[PDB]
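Peer 1: Chains as they are written, first to last, in the working numbering: chain A, 154 to 451; chain B, 108 to 409.
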Amino acid sequence: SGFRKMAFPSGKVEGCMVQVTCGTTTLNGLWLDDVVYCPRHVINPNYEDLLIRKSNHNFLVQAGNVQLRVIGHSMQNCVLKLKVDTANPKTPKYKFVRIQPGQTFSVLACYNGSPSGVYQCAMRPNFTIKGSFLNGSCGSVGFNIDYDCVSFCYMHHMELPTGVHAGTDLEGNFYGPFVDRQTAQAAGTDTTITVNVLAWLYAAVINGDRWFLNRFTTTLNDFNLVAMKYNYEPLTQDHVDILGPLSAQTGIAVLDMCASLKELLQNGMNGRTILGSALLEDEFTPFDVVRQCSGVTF
Amino acid sequence: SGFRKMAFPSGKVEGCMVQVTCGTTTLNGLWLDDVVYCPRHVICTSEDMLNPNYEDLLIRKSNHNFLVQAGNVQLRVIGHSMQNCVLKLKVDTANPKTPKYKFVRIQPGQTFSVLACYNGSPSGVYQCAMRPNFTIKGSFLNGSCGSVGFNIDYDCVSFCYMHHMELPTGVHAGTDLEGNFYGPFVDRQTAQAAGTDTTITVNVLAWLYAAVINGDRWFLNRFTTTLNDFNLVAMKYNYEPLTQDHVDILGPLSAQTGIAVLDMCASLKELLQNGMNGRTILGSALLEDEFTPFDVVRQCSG
Ligand SMILES: O=C(N[C@@H](C(=O)Nc1cncc2ccccc12)c1cccc(Cl)c1)[C@@H]1CC[C@H](C(=O)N2CCCC2)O1
Ligand SMILES: [Cl-]
């Protein structure tokens, strides 16, 4: 029993964190095979013009108490790739994957190439993450684990004025309409990840919380009309299909659970809580719920 | 900016998780140097869990009855001893991944990270607090016994908890790494119940200072309170008494924000009376009590 916001074990990623210093700026890098990946802002910026002036020896890379020697450098979108002379002996089996809004991942927050904490979070529909980052956290990475393979999906680049965070995939493409420059940028109006709230309601049912259940069902169209009124993301047939296993395990049809969600949106919780929360939680995917309520290991 | 429930990086602990099997029972063990620590109930039988005599069950065992597996490698048990509710299995190999470590016993209100494991394999990491009733609100399934709680301040791992059982309310009970239970619990299937739980007041205050640090001030008021009047009000909402030690501990946060502890106490009294009125504090509609004053300083400053 119990339901916690759970991150993946971070050990495979900890063995990849390095410190990258260029001039006065120090941030984190990801050392995989013989390449160190880091945000290109470590160097109104013209990154090609700034990079052409830098030599390999201008980049100081430190893995623990060992200085790695940079033998090449190149830029791919907003990520800088520093070729080093040594392949990381701790390089795990990995992939670079780009995620969709609503998908969750673990973040290993780092400062000076040293991991300080690990937390779980979701890519918001407005492409920001509600992270916990201070100055020097740039280059910290987001990941998931599938059996023994680490899928890297995020690299931290910046904080927006509202306290939320923006970054890229490991190929340097930003999530959202953001640019790596000190300029006026703002996160768009955010929405609630509907499929994730439903997954969390199924997690509460599996954990013995049933007060919000009712005899009613609804249509996909009727529910989307309601969800649009409360700034909730539209629920698709794909989402309904994905929730199938949880619907079969609890005996509560996905549209039956939608009628519970509609009643909670129109009437509130009335002093009650669900899994120790007075708000509807949207940072657990249907897969996260199945993984935690079944105990999958890595 | 931001405030998340943050766990310590688990890598140093992952390299210590092993699987311990005795008979038909399999659970997790903690391999440090040449010793594997695990709950002693791994030696129990299905028919003897109400009143097990662990000394009598252990005397009948030999080293080869304990199967210890570290990854795909079987470790050889060369000795065994019991210390309170923990079984210590001496093995013929020191763990090359043994980090710098200490065994620490924590007090209620203290937080730690949990590396939940099944069959010696880590499945997840989450943040926890030792409740005032000495239970933890964890997320554990059958076979999670032996999973450990820890803090990693600097490069040293301080092991503070080992999971032993789930009580009927869905909460969890366990021991320190010396085998002493937290709370009035025993490792028997006899009727046991967690005592009435209360809110960790010093932690809620720490989290209110964290909200002030991140720019949230809506909940502050022009009032103050004596410590005794605050405690008279707090007890009515099932909040733990706030001691002078707690007031002293909150001193640094008070100096950083410019809000006296007893003024923050008056803001908490008002929140307990009024609720949040559709508002949130650090993205939460409830008053959070699983961040200590130390956690707030570490996450907000470094
Ligand atoms: O409940 C069991 N074990 C313990 C326990 O509480 N385990 C668990 C921990 N966390 C979460 C859990 C969620 C769901 C089910 C179990 C959970 C337990 C019970 C009572 C006293 C002690 Cl010290 C330990 C079952 C039934 C007996 C079997 C067991 O441990 N055996 C030893 C020898 C013969 C089999 O496993
Ligand atoms: Cl303590």
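Every residue, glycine too, gets a C-beta built ideally from N, C-alpha and C.
Mind checking if A:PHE331 is an interface residue toward chain B, Cβ cutoff 9 Å exclusive?
Peer 2: A:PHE331 has a beta carbon lying at 9 Å or more from every beta carbon in chain B.
Peer 1: Using a strict less-than 7 Å threshold between each residue's beta carbon and the heavy atoms of ligand 2, what residues do you get?
Peer 2: B:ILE213, B:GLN214 and B:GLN217
Peer 1: I'd like to know whether the C-beta atoms of B:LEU393 and A:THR426 end up nearer to each other than 9 Å.
Peer 2: yes
Peer 1: Against A:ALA431, what residues of chain B qualify as contacts under a CB-to-CB distance less than 7 Å, listed in chain order?
Peer 2: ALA392 and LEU393
Peer 1: If you compare alpha carbons, which of B:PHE110, B:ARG111, B:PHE115 and B:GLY109 is closest to B:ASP262?
Peer 2: B:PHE115
Peer 1: Counting only the same chain and skipping the five closest in sequence on each side, list residues whose C-beta sits under 6 Å from that of A:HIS392.
Peer 2: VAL348
Peer 1: State the Cα-Cα distance for the pair B:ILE320 and A:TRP353, rounded to the nearest angstrom.
Peer 2: 30 Å
Peer 1: Report yes if the CB atom of B:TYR344 is closer than 9 Å to the CB atom of B:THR306, and no otherwise.
Peer 2: Taking 9 Å as the Cβ cut-off, B:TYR344 and B:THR306 qualify as a contacting pair.
Peer 1: Would you say B:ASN258 reaches chain A, if we count a Cβ-Cβ gap shorter than 9 Å as a contact?
Peer 2: no
Peer 1: For the 8 Å Cβ check, are there 3 or more pairs between the segment 187-194 of chain B and the segment 210-218 of chain B?
Peer 2: In short, these stretches do not touch, since the Cβ pair count stays below three.
Peer 1: With respect to the beta strand (DSSP E) encompassing A:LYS234, which residues constitute its N-terminal and C-terminal limits?
Peer 2: Going by DSSP, A:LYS234 is part of the beta strand (DSSP E) stretching over 232-237.
Peer 1: Specify the secondary structure class of B:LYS168 as computed by DSSP and reduced to three states.
Peer 2: The DSSP-derived three-state label of B:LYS168 is coil.
Peer 1: Is it the case that the CB of A:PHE156 approaches a heavy atom of ligand 1 more closely than 8 Å?
Peer 2: Short note on A:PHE156: C-beta not closer than 8 Å to any heavy atom of ligand 1.
Peer 1: Who are the neighbours of A:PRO162 on chain D, taking C-beta pairs under 8 Å?
Peer 2: Looking at the structure shown, chain D is missing, and the protein chains on hand are A and B.
Peer 1: If we ignore side chains and look at the alpha-carbon of each, how far apart do B:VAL403 and A:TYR264 end up?
Peer 2: 17 Å
Peer 1: Taking only runs that begin and end inside the segment 304-374 of chain A, name each unbroken beta strand (DSSP E) of 3 or more residues, in chain order.
Peer 2: Counting whole runs of 3 or more residues, the segment 304-374 of chain A contains the beta strand (DSSP E) stretches 318-321.
Peer 1: How many Å lie between B:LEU222 and B:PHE247 at the Cα?
Peer 2: Going from the Cα of B:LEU222 to the Cα of B:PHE247 covers about 10 Å.
Peer 1: Hey, is A:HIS309 close to ligand 1, as in C-beta under 8 Å from one of its heavy atoms?
Peer 2: no
Peer 1: At a Cβ threshold of 9 Å, is A:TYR264 touching chain B?
Peer 2: yes
Peer 1: Kindly indicate which three-state DSSP category B:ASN258 falls into: helix, strand or coil?
Peer 2: When DSSP states are grouped into helix, strand and coil, B:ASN258 belongs to the strand group.
Peer 1: According to the Cβ coordinates, are B:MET113 and A:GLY270 closer than 9 Å?
Peer 2: yes
Peer 1: Using 10 angstroms around the beta-carbon of A:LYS248, count the other beta-carbons present and answer buried if the total reaches 16, otherwise exposed.
Peer 2: exposed
Peer 1: What three-state label does DSSP hand A:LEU287 in the structure shown?
Peer 2: coil
Peer 1: How would you call A:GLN220, buried or exposed, if buried means at least 16 neighbouring beta carbons within 10 angstroms?
Peer 2: exposed
Peer 1: Could you name the residues that DSSP lists as bridge partners for B:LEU222?
Peer 2: B:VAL232 and B:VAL255
Peer 1: Which chain A residues sit within Cβ distance under 8 Å of B:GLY277?
Peer 2: By Cβ distance, chain A contributes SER154, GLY155, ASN360 and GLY361.
Peer 1: May I ask you to report which of helix, strand or coil DSSP gives B:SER108?
Peer 2: coil
Peer 1: Per DSSP, which residues does B:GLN126 bridge with? Please list them.
Peer 2: According to DSSP, which records beta bridges pairwise, B:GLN126 is partnered with B:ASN135 and B:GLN176.
Peer 1: For A:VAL188, which residues from the same chain have a beta carbon less than 8 Å from its beta carbon, with the 5 sequence-adjacent residues on both sides left out?
Peer 2: Hits under 8 Å: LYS234, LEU235, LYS236 and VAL237.
Peer 1: Since A:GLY284 meets chain B, which of its residues come closer than 8 Å, beta carbon to beta carbon?
Peer 2: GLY109 and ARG111
Peer 1: Let me know the secondary structure DSSP gives B:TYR344 once reduced to three states.
Peer 2: Here B:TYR344 carries a coil assignment [DSSP, helix/strand/coil].
Peer 1: Is any heavy atom of ligand 1 found at a distance shorter than 8 Å from the C-beta of B:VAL149?
Peer 2: In this structure, B:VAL149 has its CB closer than 8 Å to one or more heavy atoms of ligand 1.
Peer 1: Which stretch, first to last residue, makes up the alpha helix (DSSP H) that contains A:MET410?
Peer 2: Run containing A:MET410: 407-420, per the alpha helix (DSSP H) assignment.
Peer 1: Give the straight-line distance between the Cα atoms of A:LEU204 and B:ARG405, rounded to the nearest whole angstrom.
Peer 2: 35 Å
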